[PDB]
Number of protein chains: 2
Amino acid sequence: XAXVXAXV
Amino acid sequence: XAXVXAXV
DNA sequence: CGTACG
DNA sequence: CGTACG
Ligand SMILES: *C(=O)c1cnc2ccccc2n1
Ligand SMILES: *C(=O)c1cnc2ccccc2n1
Ligand SMILES: *C(=O)c1cnc2ccccc2n1
Ligand SMILES: *C(=O)c1cnc2ccccc2n1
């Protein structure tokens, strides 16, 4: 869920 | 210089 | 040069 | 799940 790299 | 990971 | 999550 | 610089 969290998006800090990919943004699942 | 720029710090986005390490911050040289 | 290496950090950053639910 | 993978991004982010001078
Ligand atoms: C988002 O909250 C989230 C949490 N755990 C994960 C594990 C693996 C792939 C994606 C994920 N996304
Ligand atoms: C994003 O590319 C990425 C990769 N590894 C991580 C590890 C821990 C937190 C966030 C992360 N984000
Ligand atoms: C900062 O601006 C900066 C620019 N280039 C680098 C190359 C290698 C190591 C650190 C660096 N820091
Ligand atoms: C910080 O850990 C890190 C690593 N690789 C990068 C590549 C491009 C831009 C910023 C980056 N930051």
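Sequence lines set the chain letters: A, B, ... in the order given, protein chains first and strands last, and positions in each chain run from 1. Basis for what follows: all heavy atoms, side chains included, without hydrogens, waters or symmetry-related copies.
- C/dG2 and D/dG2 have their P atoms separated by 24 Å, given to the nearest Å.
- Each of D/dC1, C/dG6, D/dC5 was ranked by its minimum atom distance to the side chain of A/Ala2; first place goes to C/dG6.
- Remark: C/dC5 base-pairs with D/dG2. Criterion, Watson-Crick or G-U wobble with two distances under 3.5 Å.
- The side chain of A/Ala6 approaches D/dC1 more closely than any other nucleotide in the set C/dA4, D/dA4, D/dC1.
- Each of D/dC5, C/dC1, C/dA4 was ranked by its minimum atom distance to the side chain of B/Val8; first place goes to C/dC1.
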